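This report concerns only the one structure given below.
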RNA sequence: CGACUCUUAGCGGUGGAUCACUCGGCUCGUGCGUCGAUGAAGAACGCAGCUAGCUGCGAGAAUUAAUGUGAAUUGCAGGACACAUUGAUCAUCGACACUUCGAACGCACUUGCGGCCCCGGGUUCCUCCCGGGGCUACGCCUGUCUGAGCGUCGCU
RNA sequence: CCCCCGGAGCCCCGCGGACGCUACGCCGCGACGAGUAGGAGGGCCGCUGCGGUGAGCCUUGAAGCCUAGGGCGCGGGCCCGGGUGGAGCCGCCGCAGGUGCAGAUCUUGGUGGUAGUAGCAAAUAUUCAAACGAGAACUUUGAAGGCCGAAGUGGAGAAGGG
RNA sequence: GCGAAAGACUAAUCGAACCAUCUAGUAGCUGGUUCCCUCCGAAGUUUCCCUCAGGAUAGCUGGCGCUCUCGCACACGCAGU
RNA sequence: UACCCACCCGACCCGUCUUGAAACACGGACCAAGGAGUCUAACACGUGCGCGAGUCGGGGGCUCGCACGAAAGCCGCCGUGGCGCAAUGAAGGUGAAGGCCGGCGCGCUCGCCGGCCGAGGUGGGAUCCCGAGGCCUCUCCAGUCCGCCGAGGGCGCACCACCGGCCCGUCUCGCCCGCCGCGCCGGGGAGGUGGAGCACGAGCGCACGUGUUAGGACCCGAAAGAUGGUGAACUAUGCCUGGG
RNA sequence: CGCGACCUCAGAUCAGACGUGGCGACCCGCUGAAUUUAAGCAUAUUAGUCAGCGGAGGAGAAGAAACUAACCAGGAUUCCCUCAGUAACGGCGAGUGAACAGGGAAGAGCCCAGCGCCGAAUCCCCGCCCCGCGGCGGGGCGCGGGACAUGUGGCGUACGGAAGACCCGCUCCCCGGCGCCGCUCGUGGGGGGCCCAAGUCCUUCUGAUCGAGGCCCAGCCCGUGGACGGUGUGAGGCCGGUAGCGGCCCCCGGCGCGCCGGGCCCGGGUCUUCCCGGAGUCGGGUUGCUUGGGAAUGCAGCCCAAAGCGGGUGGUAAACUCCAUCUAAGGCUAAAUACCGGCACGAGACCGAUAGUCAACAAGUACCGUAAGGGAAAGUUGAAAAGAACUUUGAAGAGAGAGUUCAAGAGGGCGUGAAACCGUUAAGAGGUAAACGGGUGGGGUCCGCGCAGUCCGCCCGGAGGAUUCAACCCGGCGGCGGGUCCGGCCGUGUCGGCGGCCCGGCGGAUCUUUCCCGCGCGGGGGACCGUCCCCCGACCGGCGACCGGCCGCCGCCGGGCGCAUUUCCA
Ligand SMILES: [Mg+2]
Ligand SMILES: [Mg+2]
Ligand SMILES: [Mg+2]
Ligand SMILES: [Mg+2]
Ligand SMILES: [Mg+2]
Ligand SMILES: [Mg+2]
Ligand SMILES: [Mg+2]
Ligand SMILES: [Mg+2]
Ligand SMILES: [Mg+2]
Ligand SMILES: [Mg+2]
Ligand SMILES: [Mg+2]
Ligand SMILES: [Mg+2]
Ligand SMILES: [Mg+2]
Ligand SMILES: [Mg+2]
Ligand SMILES: [Mg+2]
Ligand SMILES: [Mg+2]
Ligand SMILES: [Mg+2]
Ligand SMILES: [Mg+2]
Ligand SMILES: [Mg+2]
Ligand SMILES: [Mg+2]
Ligand SMILES: [Mg+2]
Ligand SMILES: [Mg+2]
Ligand SMILES: [Mg+2]
Ligand SMILES: [Mg+2]
Ligand SMILES: [Mg+2]
Ligand SMILES: [Mg+2]
Ligand SMILES: [Mg+2]
Ligand SMILES: [Mg+2]
Ligand SMILES: [Mg+2]
Ligand SMILES: [Mg+2]
Ligand SMILES: [Mg+2]
Ligand SMILES: [Mg+2]
Ligand SMILES: [Mg+2]
Ligand SMILES: [Mg+2]
Ligand SMILES: [Mg+2]
Ligand SMILES: [Mg+2]
Ligand SMILES: [Mg+2]
Ligand SMILES: [Mg+2]
Ligand SMILES: [Mg+2]
Ligand SMILES: [Mg+2]
Ligand SMILES: [Mg+2]
Ligand SMILES: [Mg+2]
Ligand SMILES: [Mg+2]
Ligand SMILES: [Mg+2]
């Protein structure tokens, strides 16, 4: 159960706080898990997806083991746009198809100044909770 | 149109009850709004009788009611010069001063004086400063208590 | 709302105009102009007797009534007949007024709790709850009341010393203090007899809570258990005592198909 | 079997019920209790690369600086940038800004008329004239200056 | 003697009892059952909401919908046969309703018959040829016949219109 | 208000406008009033009414009941007789 | 059983107001959807449950960020009060108790003093108890057990009818008084009558049905009335300024 | 024929302030109906309500008695319960219709004027410095202004106060800074940011799963987290989240020590001297509204208009007369208390797009009226536009193929997709309009079958064929029933223990202050009765409350029994 009044739990109110959330927040929402290799290496469960991050489809029509790189992110349609993830239209003009973060797994994070410090700070929070539970 | 045995009934709904109806779905949230005051006030005035100041034994008025007794408003004035308490001091010492009571009898005077005499004796005057002089009750009679009196100070039972 | 369909300013052009004598909306080059307003019968408009706020929503019971409602719920928390007959999956349970050590008030982790509910063979009620999880039939779905499930065993404890934390995530379990029992939760649906788990600490406190019988409650002001209307509740024993059987006219059970007249 | 018609059925529409959803209501609670001549509430007009509407904003106009945030933004373009960078975007907002009416304030509401101060050009105060900035609405309080009175006196 | 039913062998059986005994179940008798208004009772008659409960049902297809698909109740309705539909649904025990339509020149939206019906009648007026055009009585150009007929169907303005 | 005067006209409105609210105005008066089955089952009669289109009370009806009898070889009562 | 068709008999179109409707009365083209006895307060009776000369409920308190919680639990609260536990009188106020016995006062159907019993009786009164007598039982008698029948007799609730009684009001009448005090003081009798009275209790709380009102009030359904505002763009007048 | 004070009064675009509109639920003044009700009706009521109007704030008003009372008295306000739907009012009728006491929420008290005391002890505005400056303030210094003697400061205000005499005891608050130390309840104050478990494991459905079995305890993991939403179907585990004195970083809040600058000689108790109340006010007469106030409750206009052991009040006029109780004419104030407007949230036995607000969307929008004002309709493709490329017919609208799609019988007003209604295909009918009731008959579409429906079930006899038994004992296990209540444990009624009684409590206005503690009372202890526990002994219901042995019977398992038995099959 939730408890804290000063949080919602309302079929509608957080259905709403979806396709009205600003791009600020949608980052956090549009997060996908990391593959076991990284999840081991780094002590972080899931990350916000980013433009040039390498990704494996896990669910969907065209699930597979092919590591495609992300191309862009509709944070508006609120859905990502990957590499050989694509379909041929009537004219031959290939169009990519939408997939969530949530239905995808990160196989190689594209690292940075700003993204490293998150990976540190998430892994530091994880271990602080386990050291606090200890 | 009445039919065969009832009362008359002058129910008074010819005006406009409808507009000015108060329903009470505050009642329980109010209960709690209140709780938090009782609560907060006590934690704020930490060592001090939570209920409020000391208040006098007093007789109910009209003829039926005679035999009862109450917490009155405040102890009289005549009452204090007798107990040896200055009226403006009493107000700081958690002693409730009405200054508006005609004291008519020695019975209910001394009865009510004994409450002050009683109060003095079981009162720990917590001293102005920590390094303070006279009349404040000693660091033993000081350590022993942090005790708020829950419920009405020296409750008046008939 | 008090204003429901009642914000219109419609006169009613009554009689001489065919129409219908409703109050019909004024002027306009809209469509909503000569429609009808303030009829229960009409669009916009409003209902019978606007559901008002000062309906007597809540209700009332005598203390005594609702103390010996708890009695009757508790008394039938024994008697595996009634408890089972709520689908309370008590078959491998050792005994029915199921008392447990007072170590239990002090578990602080759901894994401990769960290991208790195995070792008292009481999974299979929670198990059962745990299968009965579905989407509610109706319109409640789109109102914060989508899922539903069974009730699981009630668990009772004189003092939260960490316990209520432990038995929380486990679906179906409700905790109740002994000092603060509740008829809604012991006897859900107004049916009798839920599976309960007294912890010794609590189980002692039941007679002091609300009485033995030739002794006061000594925790409620004045309260003693209800007397029975009759003691020997089984009558089948009664009906074949020799006292009774001796003093009875002999039967009449030829039966007696009616006679066709010739 | 001729055509029409009726009934029923087999299918085609028309209509938009029913059902199923639901970023909206409604009701009930809790917290706080938010205006203005430094110029409100209210209106007008304008503002996007492609924009009519809603919405957001104000000639510094689909925002301003800053701090988090931290890579998008996107209907299509177009872009900087160096994504080792206040560094895209969003939220916050605290830094600066506030077209025209309006209690609307120079006087009126035509959108015209002025007055009085300054600074450009003109002049070289020569006055306009052309340019620029500040004032100028009513009431009333404390104070100041200038007064009036065969009011009450004083000294002449 | 005149003996034991764990055995008389049983139409009587009292030693233990239906299949039948939802103890508000079932069974036999008799008797009786015109109805407006109204009452009353009975409704595993019907709608929507919740507490219980049904190891209910459900992407192996729900609600609705559709059915000259088998049935059942006296009947409210109910149950079964198929197709389509595409997401949720029901049974019992309770509780809760804004609760069941043929009517109110009832409300809203839609649709017929009428009906391919009334009708496209005020100012005498058109015709030819060519162009353009997929397509021309209806546009345009030419030619011809006509009208308004300077108190105009002529040429300019106001208010209004924008 | 306005009327050489006709109750003329006051923006399709005049024996006196239109707009919103009081506003669910009131109505002894029109109309309607939504699922089955079972049982019993009227009155249009009485007196008072500012009563005659309505009420008041008399009736008749249902429901709810109760006190008993005894059809359990072993009844008193009642009655459009 | 349903669809079409066929036949034979039957047969007026519903709703409604209505002494009487197929009406040469009114509503009603057809279909979908919406649609009219609701809530609250107050009574009243009926019923369900708790406790019972009590019983409650709030409003308050004590125990929550509620997830469930705006719940549940608990409180010399618990009774500060309502309702009931007693009425009657306009009001001052009075207030439900009688029987019997003995004794004393002349028992004067008047006054007082000691004891006994305590809600008086009659008739009906479900009815519980007693029961004379049957009525068997393989024989004659004897006899305990066991039931059935049972004339006749006793207690008799509830209720009904009656007769008695006591409180208050009022009347009548008539007696004796106590005496912190004086009787325009207080007090005591008898008979009658008025009382929504007592005469060994039934309420309280909470359900639900019905009903009756107050409530918009079953829905729909006026001509009006009031309060505030907008209009001379039409027309009526006046005026100002233009044109024919 | 001047100059000068003051008083009154002007003018200043003077120096500095400020007022005005809106919002308007709640809040305060006033004003103010009529529908309506009374079966009419005007009295009454609606109802001091709506409109009108005026006015405020985070709440508003009121408030420290000219009160209550009749007690053995209480003691500002407001609020809730209660009084109590009561006292009374009324063509005493419809209606109306309060209060006093008690309990409870909260609860705080105070200030003026005058009498006087005190070199105006005061106040305002300038100039120079010292600190302070995103609510303009302290500190100092200035013959820099000015009010104020028609009166500014302190004490003081009625509950007494002043002033004196001697009775007693003894000295810390305030404010401007300027630092610093303890982040100071949801369970680290407010706000923001940032952060913290566990499967996309097997297999299998499916277009896609989030579904179904399984997976080291309902499977694996997590579970202070299994709310919810997202995620091409129902997902604790994928993701956001959730839980969780979980973490960290800013900011903001508030409170604690130091330093400093300033301010302040502020007590307590006794005996005397005197000193006191707010005028066109109270009151009365009158009229007008109001309530319930009355032979006057409230408020008004006018008229008359006071006193000082007075005045008001002490609720049917009045005189006399006795008693109580306040003290007006000046003023402030938290708290509970109210909140259909605002911001910000949380929820629901709610409605679910002709409902729900007019408004799920370009909603107060389109449109109408000159204007006040009036004021709508309208949600849904799919999961993804993957939204028909291309050939072809067609001037073009439209088609046919094709293509996409799990599905286009989801095609841009697209989920579903009813009826009226209309579209055509098939069957059958058809002069008394159709339509209906009863009864059959023919035909169809379908539905049961039968390529015999001979329906099954016992038992038995016969003939074939096949396993191990049944009957019996013996070993074991498990029931059942019986009793000896045998032995023990259990509880009902009785008796005994007076044994718990103080090692058994709680109730009782029972009793003792012979007791103890604290101030006759309160608390505590000690005696008493009613209640509830131990010991053991006796009787009895010996009770579903067992448990042990003995028994009797049954069942299962394992042994024995090989076949005239006991099964299976045809
Ligand atoms: Mg208090
Ligand atoms: Mg509506
Ligand atoms: Mg449904
Ligand atoms: Mg529609
Ligand atoms: Mg619809
Ligand atoms: Mg002069
Ligand atoms: Mg019948
Ligand atoms: Mg409803
Ligand atoms: Mg309907
Ligand atoms: Mg002509
Ligand atoms: Mg022209
Ligand atoms: Mg005429
Ligand atoms: Mg009629
Ligand atoms: Mg006729
Ligand atoms: Mg008619
Ligand atoms: Mg009462
Ligand atoms: Mg009138
Ligand atoms: Mg204002
Ligand atoms: Mg009438
Ligand atoms: Mg009337
Ligand atoms: Mg009238
Ligand atoms: Mg009147
Ligand atoms: Mg009035
Ligand atoms: Mg009134
Ligand atoms: Mg108003
Ligand atoms: Mg008071
Ligand atoms: Mg989930
Ligand atoms: Mg989901
Ligand atoms: Mg997670
Ligand atoms: Mg006065
Ligand atoms: Mg009045
Ligand atoms: Mg005052
Ligand atoms: Mg004030
Ligand atoms: Mg105030
Ligand atoms: Mg719609
Ligand atoms: Mg709508
Ligand atoms: Mg649709
Ligand atoms: Mg639809
Ligand atoms: Mg489909
Ligand atoms: Mg579809
Ligand atoms: Mg869908
Ligand atoms: Mg469709
Ligand atoms: Mg057809
Ligand atoms: Mg044909």
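Note that each Cβ is placed from the backbone with ideal geometry, even for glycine, and that neighbours are counted across all protein chains shown. Coordinate-derived values only; no laboratory data.
So how far, in whole Å, is the C-alpha centre of the stretch B:1-37 from the one of the stretch B:49-127?
Here the two parts' Cα centres lie 40 Å apart.
Taking Cα atoms, how many degrees apart are the long axis of helix C:200-210 and the longest axis of chain C, rounded to 10 and kept between 0 and 90?
That helix lies at roughly 70 degrees to the long axis.
Go through B:35-47, C:5-17, B:9-21 and give me the packing order, highest mean Cβ count within 10 Å leading.
Details: B:35-47: 10.7, C:5-17: 12.5, B:9-21: 8.0.
Going by the mean number of other Cβ atoms within 10 Å, highest first, we get C:5-17, B:35-47, B:9-21.
Run the simple label-point estimate for residue B:66 and residue A:59 please: 7 Å along Cα→C-beta, distance reported in nm.
For residue B:66 paired with residue A:59, the spin-label model returns 8.4 nm.
Calculate, for residue A:51 and residue A:94, the FRET efficiency according to 1/(1 + (r/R0)^6) with r their C-beta to C-beta distance and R0 22 Å; round to the nearest 0.05.
Values: r = 19 Å, r/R0 = 0.89.
Step by step, r from the Cβ atoms, then E = 0.65.
How much length would be gained if the chain were fully extended between residue A:40 and residue A:3, taking 0.36 nm per residue of separation minus their Cα-Cα distance, in nm to one decimal?
Details: separation 37, 0.36 × 37 = 13.32 nm, distance 3.27 nm.
Contour length minus the Cα-Cα distance gives 10.1 nm.
Given a 10 angstrom Cα cut-off, can you work out which residue in A:20, A:91, A:43 is the most mobile in a GNM of chain A?
Sorting by GNM fluctuation, first place goes to A:91.
Just to confirm the number: angle between the C-alpha axis of helix A:113-133 and the first principal axis of chain A, 0 to 90 degrees, nearest 10?
Between the helix axis and the principal axis of chain A, the angle is about 40 degrees.
Using R₀ = 60 Å, calculate the FRET efficiency as 1/(1 + (r/R₀)^6) where r is the Cβ-Cβ separation of residue C:30 and residue C:233; round to 0.05.
So the FRET efficiency works out to roughly 0.20.
If you rank C:192, B:69 by fewest surrounding Cβ atoms within 10 Å, what's the result?
Details: C:192 19, B:69 15.
Ranking C:192, B:69 by Cβ neighbours within 10 Å, fewest first, gives B:69, C:192.
Tell me the mean residue ellipticity at 222 nm calculated for chain A from its helices only (DSSP H runs of n ≥ 4, each -39500 (n - 2.57), averaged over every residue, nearest 500).
That calculation yields -8500 deg cm²/dmol at 222 nm.
How large is the Kirkwood hydrodynamic radius of chain B, in angstrom, based on all distinct alpha carbon pairs? Before the final figure, lay out each step's value.
Details: mean 1/r = 0.0500 Å⁻¹.
With all distinct Cα pairs of chain B included, I get 20.0 Å.
Using the alpha-carbon centroid of each, what span in Å lies between the stretch A:1-73 and the stretch C:29-93?
That distance is 42 Å.
Tell me, what is the FRET efficiency for residue C:249 and residue C:214 to the nearest 0.05, using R0 = 45 angstrom and their Cβ-Cβ distance as r?
So the FRET efficiency works out to roughly 0.65.
So how do B:89-101, C:163-175, C:179-191 stack up, highest first, on mean other-Cβ count within 10 Å?
Highest to lowest by the protection proxy: C:163-175, B:89-101, C:179-191.
Helix C:110-119 versus the longest principal axis of chain C: what angle, 0 to 90°, nearest 10, using Cα atoms?
50
Restricted to Cα positions, what overall size does chain C have along the principal axes? Three whole-Å values, descending.
Extents along the principal axes: 90, 87, 43 Å.
If we count other beta carbons within 10 Å of each Cβ, what is the order of A:80, B:124, fewest first?
With the sparsest Cβ surroundings first, the list reads B:124, A:80.
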